[PDB]
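Have a look at the structure below before the remarks.
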Amino acid sequence: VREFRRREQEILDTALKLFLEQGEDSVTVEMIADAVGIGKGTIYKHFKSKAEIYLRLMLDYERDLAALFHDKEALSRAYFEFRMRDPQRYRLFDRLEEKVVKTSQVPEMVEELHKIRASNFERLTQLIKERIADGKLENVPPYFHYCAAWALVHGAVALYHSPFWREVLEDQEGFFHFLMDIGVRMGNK
Amino acid sequence: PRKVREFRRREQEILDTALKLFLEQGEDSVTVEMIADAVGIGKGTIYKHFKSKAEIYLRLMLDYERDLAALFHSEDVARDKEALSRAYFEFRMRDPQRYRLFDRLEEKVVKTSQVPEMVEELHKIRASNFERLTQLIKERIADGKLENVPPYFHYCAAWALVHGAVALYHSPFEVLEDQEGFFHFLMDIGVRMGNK
């Protein structure tokens, strides 16, 4: 029943933690089975392969993003918070783009991923257009704002994996909120 | 004199040619003999300038750092602190292929035992450039332009924006018509981020 959920989200949450601690190529399905305490027979009733776990973790990420779009300033801020919390996951997903998404594996899930990604792209573009029409954002093509936000998030994720960040940068949580302020205010009219 | 001027002219032609060949065919493919042949000299002559490809690598990086240092000697009759801040983003964001090349060379030659005198040189100029850029930040904070947060906040934000812009230009994303207007939009954003 609802108990199917406990397992599912337990394989999901275990797999991801495993993937980020030890690299995803090293993590096999038996390992996620032992870590949660079950056999790979029971793994298969939930996820027929690790690629289904890969895709489900990405589909769940896009679904949480979509939930966010359901105060435009507070929304723009909560979008940068969501994109920039957890840089490790963002990098895992960037890698899975070439390892799983751009292949013939789990094609029904990959097809749904494209659909929710195109839909999320449209929603954030609409937020940009409304902030433009509200006079907050500069009246340039919306992909100016879209690609600027893409660059800022991408470079912030890269920054979090750097020796400067983990050894010289002091107040990491204060900097995090500074990054998000910078995100809300960029391109402002 | 003449002999040194033609020496330095050929050195520069070697560096211009090596860099072009590196970006066109991937640096790992390009031998010194490929470079010498491209400039029309032999191996014996190119050896008189750079004893190995690794020395060409390091010299290209040093040249970059000396270019950045000279940016910080812009006179104020021509560059105020806001104009200098714009010129830094301009210098940083033009040439994404070279930025991406220099990232790879960091692993290949800088963090290794090849050409240790040039590498020691590189870290010294880098430290001076870090101090120069931090100074510009602190002067813009004191002028009321930048938000009064630790200066490394602005430095890391500037790093993140340049890094992401370079990755944007390496993406398959026809998405960016009017790449010149967006380039000047990105520079305004650079100048304006973290403003009070």
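Each protein sequence line maps, in turn, to chains B and A.
Counted the way the deposited numbering counts, the first sequence spans residues 8 to 77, 84 to 202.
Counted the way the deposited numbering counts, the second sequence spans residues 5 to 177, 180 to 202.
The beta-carbon is built from N, C-alpha and C at its ideal position, and this holds for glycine as well.
Residue from the options whose Cα sits closest to the Cα of residue i
i	options	result
B:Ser-56	B:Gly-196, B:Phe-134, B:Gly-44 and B:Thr-35	B:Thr-35
A:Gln-16	A:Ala-58, A:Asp-32, A:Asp-67 and A:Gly-46	A:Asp-67
B:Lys-149	B:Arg-198, B:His-77, B:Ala-74 and B:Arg-13	B:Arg-198
B:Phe-11	B:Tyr-51, B:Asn-133 and B:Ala-58	B:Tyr-51
A:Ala-22	A:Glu-111, A:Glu-110, A:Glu-59 and A:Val-81	A:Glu-59
B:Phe-134	B:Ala-162, B:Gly-30 and B:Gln-185	B:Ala-162
B:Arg-102	B:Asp-147, B:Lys-115, B:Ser-132 and B:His-174	B:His-174
A:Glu-183	B:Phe-177, B:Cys-160, B:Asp-184 and B:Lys-202	B:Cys-160
B:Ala-146	B:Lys-202, B:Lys-47 and B:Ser-33	B:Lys-202
B:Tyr-61	B:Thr-49, B:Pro-176, B:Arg-13 and B:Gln-118	B:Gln-118
residue 82 of chain B	B:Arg-13, B:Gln-29 and B:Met-65	For chain B, the structure lists 77 followed at once by 84, and that leaves residue 82 of chain B out of the model.
A:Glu-111	A:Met-65, A:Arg-6 and A:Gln-29	A:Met-65
Host alpha helix (DSSP H) of residue i (start-end)
i	result
B:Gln-29	10-29
B:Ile-45	First-last for B:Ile-45: undefined, no H or E at that position.
A:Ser-132	120-146
A:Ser-78	Counting along the chain, A:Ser-78 falls outside any alpha helix (DSSP H), and DSSP gives it neither H nor E.
A:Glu-86	85-97
A:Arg-108	100-109
B:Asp-194	185-198
A:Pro-5	A:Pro-5 -> no alpha helix (DSSP H), and no H or E assigned at all.
B:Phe-54	Segment: none, B:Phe-54 is in no alpha helix (DSSP H) and carries neither H nor E.
A:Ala-82	Note, A:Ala-82: premise wrong, no alpha helix (DSSP H); not H, not E.
B:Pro-176	176-180
A:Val-114	Run containing A:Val-114: none; DSSP gives neither H nor E here.
B:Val-166	155-173
Neighbour-count burial assignment, residue i, 16 or more Cβ in a 10 Å radius
i	result
B:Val-8	exposed
B:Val-181	exposed
B:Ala-169	buried
B:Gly-44	exposed
B:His-167	buried
A:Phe-188	buried
A:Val-113	buried
A:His-53	buried
A:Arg-144	buried
A:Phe-93	buried
B:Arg-179	exposed
B:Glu-31	buried
Any chain A beta carbon closer than 8 Å to residue i
i	result
B:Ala-161	yes
B:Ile-195	yes
B:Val-123	no
B:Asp-184	yes
B:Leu-150	no
B:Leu-72	no
B:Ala-171	yes
B:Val-43	no
B:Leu-165	yes
B:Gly-168	yes
B:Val-119	no
B:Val-181	yes
Neighbour flag for residue i against chain B, beta carbons, 8 Å
i	result
A:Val-8	no
A:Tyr-92	no
A:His-190	no
A:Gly-200	yes
A:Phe-76	no
A:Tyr-156	yes
A:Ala-58	no
A:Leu-137	no
A:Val-113	no
A:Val-153	yes
A:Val-81	no
8 Å Cβ cutoff met for residue i and residue j
i	j	result
A:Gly-196	A:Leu-165	yes
A:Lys-85	A:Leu-140	yes
A:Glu-124	A:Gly-200	no
A:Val-153	B:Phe-191	yes
A:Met-122	A:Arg-70	no
A:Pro-155	A:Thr-138	yes
B:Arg-136	B:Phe-76	yes
B:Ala-42	B:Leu-19	no
B:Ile-39	B:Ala-73	no
A:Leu-88	A:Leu-27	no
A:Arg-90	A:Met-193	yes
Heavy atom of the ligand PLP within 7 Å of residue i beta-carbon
i	result
A:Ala-169	Within the structure as shown, the ligand PLP is missing, as the structure has no ligands at all.
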